[PDB]
Every structure is written in structure tokens, then in C-alpha cells.
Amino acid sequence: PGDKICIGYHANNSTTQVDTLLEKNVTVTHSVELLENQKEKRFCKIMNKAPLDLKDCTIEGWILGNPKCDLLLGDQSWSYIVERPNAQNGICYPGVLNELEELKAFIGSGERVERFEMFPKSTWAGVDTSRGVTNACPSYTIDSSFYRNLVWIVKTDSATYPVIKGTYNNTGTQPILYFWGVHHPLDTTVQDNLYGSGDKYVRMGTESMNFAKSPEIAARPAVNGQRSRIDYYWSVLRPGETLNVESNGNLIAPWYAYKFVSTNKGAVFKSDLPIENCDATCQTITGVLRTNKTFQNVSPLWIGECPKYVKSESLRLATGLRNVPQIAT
């Protein structure tokens, strides 16, 4: 009949929906999804630095120098660490690595290590070095071996274990991570055989640290065919500090140690996911995110720059309007 002008709004083919406080499942013409739920199930280089693959070895296994862990021996630099859920090679001679959790925390933080001989075997006088071996700690080539960073010191043929002393002065600019031990025989028999007779001790100290232990002798349930135990210990020798070592007997001495470079967050992932020649900006413990989104489905645990973690399945914001296309029929 007559000229029309009408006011109205865009519709479209979109079938994407959003919720509001008042209504669910509203189809809108335009929206943006703010939450990411896709990942690549792998470990990539962060800041172009490859992570450290422990492989069969555990963290204990790695830094004490389990003989089977020679693949890892010496210098390492990493953006993060990956320890496999079923690594076999850890502490092979049964005992406690004391303050272990606090050690795992320290290593995570945790950029690079340089291996080096801290106390040469000759440091200790009047004692036998060459007999510190066990069948509880084979290498892949000898049935009886021992940690590459410790010395199991035995009394010599004369049935006296002299007092031994060792000094190391840290003139470097880097903290040094180092390890030592105290042996606890199942027998007084084995005690007499391996070391002297009479009360034994292991004392150590620095400008800020003191340590004193004596052997606690007792028969214990067999582990790796050993009813005896070793107490392992760790510490960090700050720049400009000096270590003094002194033992009557039962010392498992430091031999090799680590110059330790701090970082600069750091992480330790327990996981069986593959490690590959790839780069990432965001690495979760269950995968790489490669995304623009603001929120992440995948994991609360990550190193690098990740979206914020939430339990949501979806976080889609309406940008367009309610979509009311015409029924075409």
C-alpha cells in the first residue's frame, strides 16, 4: 500500500549459546570463548631451555651419583625437571636422605649445576678409600660399586681408624651443594671389622652450620640385601664459607659436589609424558598450552606464562545479541 520504514536487528546462522543470570541456553549472534581446554600432551623447551629428563633415575639417584645414573653425571642446565613415576634407580644402599622434601624444593629453584671434586680421596689420612663398594649399588658393568659423589671410608689393615680431617674453603661466587653420610652397621661385629673399636663420631661445621652424629647400631629389615643403613645428609656451602670435616669412624665422605646456579620460578614435574624438540610459552604438568585465552581448563601446575586455572567447563561471553532468525520452512 504505502512506503514502510522498519527498525530491527541482526540475526544469523549461529547456534552458539550462552547463559545469563536469568536464562540458560540463549542463542546469540556473536560470542567469545574465554576458557581454554586443549593441550599438547608433551614437554617442550621453556625460554628455549630443555628440561632435565631424569629417565630411570630419581632425584636422589641423580645427585648422589647412583652408579647406574652415569648418563646424567656431571654438568646440567635446565628450565625444569621431569622425574618419571616409576624410576628404579634412587637410593640403592638403604637409608634416609634427611630433609628430602626441603632438598627437592632447593633443587627445583634450580637452574644449573657444575660437578667437581670437592674432597679428593687423599684428603683423609691413614684410612682406606678403595674398599667402599657394595652389591646393593651395582653399576651397569660392575656388580659392586658406589655413589659417584661419596666415599665409603674403611679402616685400614691396622685395626685403628685414625682421626681424619678435611677442609674446603669456598672462594667462588656460587653456592655449593654437597652430600655426606653416616654409616650404621647391623653389628658390633661389622662395626669392629669396618672401623675402629670405641665411641665413633662424624662432626662437621662451617661459619653458620654445625653437625654431629654417631653410629646408631642395630639390625634392620633387609633392603637390597642390606640389614645395615646409611644416613645421608645435604647442605649448601655459601660463597666465602668454609667447611671443616672431622671423623673418628663411620664417615661416608663428600667426594664430588656441585656449583649451584639459582634462578631466575622453577619446577619439578612427576610425569610419564614424552619430551620433544619443541618450544613452549606455557607448560603444564599434563601438557603444553598454546593459546590466547584468559582461562585454562588443564592444570593448576605450570611453569611459564599460563592462563588462570579454573574448574569451569566453559566461559563464553555474549558480545552480540539474542539471535532470532526467521523460520524459513
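The first residue of the shown sequence is 1; numbering continues from there.
Compared with other deposited structures of the same protein, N297 does not meet the criterion of being unmodelled in at least one third, since all of those that resolve residues on both sides include it. Per the compared records, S31 is resolved in all of the other entries whose models span it, so no third of them omit it. According to the PDB entry, the deposited sequence contains 1 to 3 residues between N264 and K265 that lack coordinates. In this entry, 133 to 141 has the higher mean Cα B-factor, the comparison being between 133 to 141 and 103 to 111. Higher mean CA temperature factor, per the PDB entry, when comparing 92 to 100 with 191 to 199: 191 to 199.
Note on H30, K39, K68, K293: the highest value goes to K68, judged by CA B factor as recorded. When the modelled residues of the chain are ordered by their C-alpha B factor, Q174 lands in the middle third. Among the modelled residues of its chain, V236 has a C-alpha B-factor that falls in the lowest third according to the deposited record.
For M47, the recorded CA temperature factor ranks within the highest third of the chain's modelled residues. When all modelled residues of the chain are sorted by CA temperature factor, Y147 is found within the middle third. Looking at the C-alpha B-factors along this chain, the one for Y161 belongs to the highest third.
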